Amino acid sequence: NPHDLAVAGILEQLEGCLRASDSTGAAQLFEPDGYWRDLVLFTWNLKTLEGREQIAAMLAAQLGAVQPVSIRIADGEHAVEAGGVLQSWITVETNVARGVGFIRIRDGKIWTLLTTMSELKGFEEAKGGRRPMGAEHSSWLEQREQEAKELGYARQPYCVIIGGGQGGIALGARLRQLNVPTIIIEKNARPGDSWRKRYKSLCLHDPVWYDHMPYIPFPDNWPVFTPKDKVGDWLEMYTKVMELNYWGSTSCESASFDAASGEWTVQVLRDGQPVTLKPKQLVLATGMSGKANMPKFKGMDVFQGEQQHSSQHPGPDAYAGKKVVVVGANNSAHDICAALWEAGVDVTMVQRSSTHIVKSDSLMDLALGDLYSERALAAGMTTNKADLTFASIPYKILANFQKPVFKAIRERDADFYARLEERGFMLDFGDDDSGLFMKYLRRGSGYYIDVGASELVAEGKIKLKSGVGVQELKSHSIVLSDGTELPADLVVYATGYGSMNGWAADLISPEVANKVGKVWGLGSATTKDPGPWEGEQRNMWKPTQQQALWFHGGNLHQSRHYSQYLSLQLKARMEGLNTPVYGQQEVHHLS
Amino acid sequence: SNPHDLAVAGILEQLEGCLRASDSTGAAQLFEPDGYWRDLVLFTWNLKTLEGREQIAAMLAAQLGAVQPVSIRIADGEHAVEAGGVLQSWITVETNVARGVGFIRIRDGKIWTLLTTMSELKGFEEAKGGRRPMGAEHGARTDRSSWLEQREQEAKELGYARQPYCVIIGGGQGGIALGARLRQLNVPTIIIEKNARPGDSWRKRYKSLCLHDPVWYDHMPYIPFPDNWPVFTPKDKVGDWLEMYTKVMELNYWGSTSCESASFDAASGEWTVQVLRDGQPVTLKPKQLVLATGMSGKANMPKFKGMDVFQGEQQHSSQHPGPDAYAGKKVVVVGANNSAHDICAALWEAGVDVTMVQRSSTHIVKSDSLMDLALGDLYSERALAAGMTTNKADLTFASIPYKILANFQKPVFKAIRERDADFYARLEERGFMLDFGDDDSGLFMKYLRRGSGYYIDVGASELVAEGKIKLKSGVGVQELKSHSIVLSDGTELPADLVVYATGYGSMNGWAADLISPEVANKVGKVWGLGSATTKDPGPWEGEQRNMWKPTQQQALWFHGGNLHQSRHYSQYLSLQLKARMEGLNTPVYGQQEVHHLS
Ligand SMILES: Cc1cc2nc3c(=O)[nH]c(=O)nc-3n(C[C@H](O)[C@H](O)[C@H](O)COP(=O)(O)OP(=O)(O)OC[C@H]3O[C@@H](n4cnc5c(N)ncnc54)[C@H](O)[C@@H]3O)c2cc1C
Ligand SMILES: Cc1cc2nc3c(=O)[nH]c(=O)nc-3n(C[C@H](O)[C@H](O)[C@H](O)COP(=O)(O)OP(=O)(O)OC[C@H]3O[C@@H](n4cnc5c(N)ncnc54)[C@H](O)[C@@H]3O)c2cc1C
């Protein structure tokens, strides 16, 4: 291929500079403002180097310790040319690891480079050609019962994960494949209960092609949008067959770290019994959403009806013939209001701030179609290549990729949007018009994927009062800042959640929560994501300022992909490897 | 272009030309005089191999009116290849009611072998890929019934207020696979299984047991084992997998339910099946009954002199719980088959005095050698890397007519013998009686012909070859005395326990005990090819007797086989069941007549 020669020569110069510990020379091969996003392989971190000077500074600090380095076109792949961009899958090696990557080249200059870590040399996963035999040509069940009785009691785990939802289960499967002895702590009774507990009608709003767990993808006949209990069944059965050590009915009560011994002391209550676990690494996988935001409205003590945060709302059944006011317009607000109307309960939504609304069909086609769809698969974009393609766009410029996508969504769904506005609903498209994904990555909230509620709003079936605040709650009403008085038997506060940092404050200490800082967000200086720029998700899947404390989570996509780089970092430290973190992120917000 | 594509595509259009022309004799003229057309449902509504031009013409003359118009072409995205004078190509075939994949071999301008299969019924395709269910019903409703509610409704109504179309007896690997395929075709089906949980059929075996077939060969439909799954799966890990598979594939699986009896009423077209679901009687009235109770039938119990005199324990291999109770005892196992080898190796690991007593020869193959030389080309990592997917692997194997399979296998097992020659020499020198099939065609051919007579060695044969398991061969049982067993060479073995590892009768014995001896006789022997070899008498039948296809008893079907055959032939059985559920015209051609009652 005519492009293979072009890309391979650029890669050879890069390879030459990297072997020579020539940081400046390597950076000169990039565009002046080019990007190098590294996932563990060079930085022992999740780090995006922006521009030649940052690129050179990383290479000057890391190259001496990783030699010899190779980088070349990936086996079986070829370079392609689109829109003036030369791109190719690549393979990259250090002295202790290998990985795949992706490179984009323009006018002979590296525009973007992705390096990732796939495996640690000598600790490769027993997959494919390396499969365990299973049988020798003490039984398999006996050994499992041995591990169930000894791990966490007579013998301590290397790693403890708090939280057995989708995120901890995926991370646990990955850790199991790396022989990192691990216990998952889950206060629910069974795996999958994290999803069973939602409202009757809930389904995933992300599509199947985007949603796979590691190792066992959903089958070709699995539904596009999975009902909440069908997810539960899958997670429970995934947990069994991937041989996880999963302590259900077990609450984590407290944890602390002793830098002297390098050990945590984690106090749990397993079916009522106190147990003390002493792992070397602690992972919080308690959900990206932390502590509920409770408003401080005048007269909340005067109101004689029920007040619930959206997280304490059981559903519409108890409220036939009653009147509900939902304070909020996020997706929790839309879910709760659509259920109350389907049940024939009087519901009013009170919106103070704008919301980004996207029709499910439009999100699936225009925003996910290129990477996660039947069309994507037929074109060869496998789930792994999709994850790596998305990861290869530096967060700095992703909004630029996204803007045309969500402009097309507005033109397609314009009539839908007009009717929402004519009704008085406050629309936005992210602070910079870059859309749903960027809001999710920046603030983890502020959007609703419409599966039926927005039409109920446009048609007036869900009553809307927007543009107003709450003045006070009276004895049987809530009074809005324009003077409107809404009678209310039940007030639901759909006011969101703080960051995961609240989990650390509640389980470790507020002092440790302060060391760690706000979790999630990019530092984009937009709503609920204050600057300055950090360029990677705050405290996710990477070293934190609290030693041996980690955060895992995200949506099913991010949990699938970044559980790989988190587990490889946990494994590397279990093997006593040298892991010199570059550019460890300084804390700019205590929450 | 491809120069082989043109040759094959021209041969195929002549075939298609003749078929649209209702030219049975002319279409047959396109095969070698003795060519083969193996059909899986698509043309014959049967599993049927047409052998020779006269049979081909007769089938085509009988069926063509029922399946026209027929299209047959090279498969989309595939190309013909030529090797050793043989032209091959994947093909795609459509009828007026169905579509499917096929495979064609051509030599000197004549069709040597044709494989036609049915993949789907037109208008009843599976909800997969582009046709996935949405799962969620978007848009507001007040009559909303959630996924969990509908599932709880079906559990409560099916078999009570509403009868299933099909009932499967047996919830092992075979019934679970078939159940999955039937749920994908919206054939309401109840699995009846007397064990408590799905997967218990594997949990029930001895501690150390693993699959002796490798993972690449073993997948269940729809959810393959993952890339980190072990080659040889321990039995309890197989149990957990089936238990998860049954849950996530939405099977209606009545555990703790024994099937007591069933009878068919040709007037109503209904079965009456009496079950005990947790002790409580239920009466099920399906239109179709599938027996999936395992290929092994009634245990064969020997008639030895003095069995009534022996003062120790006597067990059939199927009644032997394991070595635990026999710490200080002396065991004699009468048999040298696979049950006997498993039981003896377990007794020897536990330090029990065990002697194996062999009368007839056994075929021994090392698990590792089966994996490389017998399965390596189709079911391996190298096969996958070469584009041979599990389904392409299944179709390639199915594309070899059974009449010629034995000669493909002979060089495979000549190679296995040369590789393991010292192993075999030490077994023969120790006095173990070896064979390699009646015509030296090896393990897979015995299995297809008689379903017995072999043991895949995972460690026990070395214990025999080295004398750790004591061997007495070439002998029968003369009599049991009060505390000993006497062999036909005069040896008197002291014995606390005698295990009779003497195999099983045919699967139709299940039909005898659950339906009636008359129905069992009408159905006849199950399994076997009619190969005129040991335990497989002629005449030649060419397909597994009564497997995955219509039987001489109306609305009675048999499902089973190894994980490979269950995976693959459950597709054709479920489609035949689905076609009848939708009231399609299904004219069976060449329905096999019974030549043996058992
Ligand atoms: C309508 C709707 C649709 C959605 N669709 C999708 C979708 O398609 N894809 C997607 O990725 N997300 C979707 N989400 C979001 C989904 O809720 C989260 O993404 C999901 O919960 C992932 O969270 P997690 O596994 O990281 O943590 P969680 O799901 O919150 O689980 C964390 C677990 O930690 C446990 N826990 C907490 N504290 C303790 C303690 N002290 N001791 C022990 N255990 C503890 C909890 O019981 C919980 O089970 C949807 C949400 C809604 C409302
Ligand atoms: C060491 C060893 C290794 C093996 N490895 C393999 C391998 O790798 N691959 C392979 O394919 N095979 C293997 N086998 C063979 C295996 O035992 C059978 O192939 C397997 O059981 C398939 O049978 P099945 O699921 O069709 O029926 P079965 O497993 O026999 O199950 C039929 C079920 O029907 C139930 N049943 C019977 N009567 C009734 C009734 N009246 N009411 C309700 N339920 C009833 C039984 O409880 C049983 O669970 C191995 C065997 C051994 C000993």
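Here is how the numbers come out for the structure above:
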quantity	calculated
Of all residues making up region A:506-539, the number that are under 20 Å from the mean Cα position of the chain (by Cα) and part of a helix (DSSP H, G or I)	2
Scope region B:202-230; condition assigned to a helix (DSSP H, G or I) and either in contact with a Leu (Cβ under 7 Å, 6 or more places away or on another chain) or more than 9 Å from chain A (Cβ to nearest Cβ) (or both); matching residues	B:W202, B:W216, B:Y217
Single residue of A:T526, A:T544 found to be within 15 Å of A:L284 (Cα to Cα) and away from ligand 2 (no atom under 16 Å from the Cβ)	A:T544
Of residues in region A:544-564 being crowded, with 22+ Cβ neighbours inside 10 Å and more than 15 Å from ligand 1 (Cβ to nearest atom), the one nearest to the other protein chains (Cβ to nearest Cβ)	A:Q564
Checklist (1) in contact with an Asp or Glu (Cβ under 8 Å, 6 or more places away or on another chain); (2) of a type in the set (D, E, K, R); (3) away from chain A (no Cβ under 13 Å) applied to B:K194, failing item	(1)
Residue tally, condition part of a helix (DSSP H, G or I) and farther than 22 Å from B:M134 by Cα, over region A:373-385	2
Single match in A:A379, A:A414 (criterion: surrounded by fewer than 16 Cβ atoms within 10 Å (Cβ to Cβ), within 14 Å of another protein chain (Cβ to nearest Cβ) and farther than 20 Å from A:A338 by Cα)	A:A379
Test for B:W271: is it touching a strand residue (DSSP E or B) at 6+ places or on another chain (Cβ under 6 Å), of a type in the set (F, W, Y) and more than 8 Å from chain A (Cβ to nearest Cβ)	yes
B:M356 vs. criteria outside the structural domain of B:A465 (by TED's automatic domain parsing), away from ligand 1 (no atom under 16 Å from the Cβ) and touching a strand residue (DSSP E or B) at 6+ places or on another chain (Cβ under 8 Å)	no
Close pairs (6 angstrom Cβ cut-off, 6 or more residues apart or separate chains): away from every other protein chain (no Cβ under 14 Å) in region A:492-519, away from ligand 1 (no atom under 12 Å from the Cβ) and charged (D, E, K, R) anywhere	A:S499/A:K518; A:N501/A:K518; A:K518/A:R538; A:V519/A:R538
Selected residue (criterion: surrounded by the fewest Cβ atoms within 10 Å (Cβ to Cβ)) from residues of region A:252-272 that are assigned to a strand (DSSP E or B) and charged (D, E, K, R)	A:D258
Residue check for A:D233: under 22 Å from A:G553 (Cα atoms), in contact with a helix residue (DSSP H, G or I) (Cβ under 9 Å, 6 or more places away or on another chain) and at the interface with another protein chain (Cβ under 10 Å from one of its Cβ atoms)	yes
Extreme residue, farthest from the other protein chains (Cβ to nearest Cβ), among residues of region B:105-147 that are surrounded by fewer than 17 Cβ atoms within 10 Å (Cβ to Cβ) and part of a helix (DSSP H, G or I)	B:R131
Qualifying residue in region B:358-365 (condition: among the β-branched types (V, I, T) and under 28 Å from A:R130 (Cα atoms))	yes
Residue tally, condition of a type in the set (D, E, K, R) and in contact with a helix residue (DSSP H, G or I) (Cβ under 8 Å, 6 or more places away or on another chain), over region A:432-454	3
Subset of region A:165-179 (residues that are outside any helix (DSSP H, G or I) and more than 14 Å from chain B (Cβ to nearest Cβ))	A:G165
Given (1) β-branched (V, I, T); (2) more than 23 Å from the chain's Cα centre (by Cα); (3) within 16 Å of ligand 2 (Cβ to nearest atom), number of the condition B:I192 does not satisfy	(2)
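All of this is worked out from the model, or read from it or from the source named; these are not laboratory values. Note that we place each Cβ from the backbone using ideal geometry, even for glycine, and neighbour counts take in every protein chain shown.
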